[PDB]
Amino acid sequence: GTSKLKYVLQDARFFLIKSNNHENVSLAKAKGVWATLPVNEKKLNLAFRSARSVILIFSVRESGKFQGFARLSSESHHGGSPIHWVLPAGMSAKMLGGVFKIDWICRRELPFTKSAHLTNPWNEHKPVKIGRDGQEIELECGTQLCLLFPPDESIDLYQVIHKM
């Protein structure tokens, strides 16, 4: 049922993540880590320190779908086990240096055709599928976006709730 997910999403802030490739999402789904460019890294840190939950909703460029969503469990962290990211054209390993730890909540896909009725007030009320990497999604729009995803049987919400 939705009681457990709604408990996670309450008072959450939501950010769209746009990956240039599928490989780094595969990597991120397995290890439970993410990294973004310095502008979004600051914004996710600021949001982490201040919101009860910070939810990342992932979408691979040109895929036409979201691939899942995850909640930050830590702020940016530099100087650990180097992540073998597939680096898009024009990017340092150090640009993706602040590694966020994330707990995935859903790793299943949601096509854009199923989100078409949802628009984001914080992005001029365009459909929520429209946005750049890091675009923040108003509370209700992002809550509804996350409730559209199918239940993931590989995921147990228990560890997320125990650390919230």
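Start at 1 and count along the sequence shown; that's the residue number.
Colleague: Using the B-factors recorded in the PDB entry, average over the C-alpha atoms of 80-88 and of 67-75, then report which stretch comes out higher.
Modeller: Higher of the two, by average CA B-factor, is 80-88.
Colleague: Of the two stretches 16-24 and 145-153, which shows the higher Cα B-factor on average in the entry?
Modeller: On average, C-alpha B-factors are higher across 16-24.
Colleague: Highest CA temperature factor in the entry: which of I57, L96, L118, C106?
Modeller: Among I57, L96, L118, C106, the PDB entry lists the largest C-alpha B-factor for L96.
Colleague: What third of the chain does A51 rank in for C-alpha temperature factor, lowest, middle or highest?
Modeller: According to the entry, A51 has a C-alpha B-factor in the chain's highest third.
Colleague: Pull the Cα B-factor of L44 out of the PDB entry and bin it into the chain's lowest, middle or highest third.
Modeller: For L44, whose C-alpha B-factor we compare with every modelled residue in the chain, the answer is the lowest third.
Colleague: State the tercile, meaning the lowest, middle or highest third, of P111 with respect to the CA B-factors recorded for its chain.
Modeller: Within its chain, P111 is a middle-third residue by C-alpha B-factor, going by the deposited values.
Colleague: Ranking the modelled residues of this chain by C-alpha B-factor as given in the entry, is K29 in the lowest, middle or highest third?
Modeller: It falls in the bottom third of the chain.
Colleague: According to the PDB entry, is the CA B factor of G131 in the bottom, middle or top third of its chain, that is, lowest, middle or highest?
Modeller: Its C-alpha B-factor, which the entry lists for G131, ranks in the lowest third among residues of this chain.
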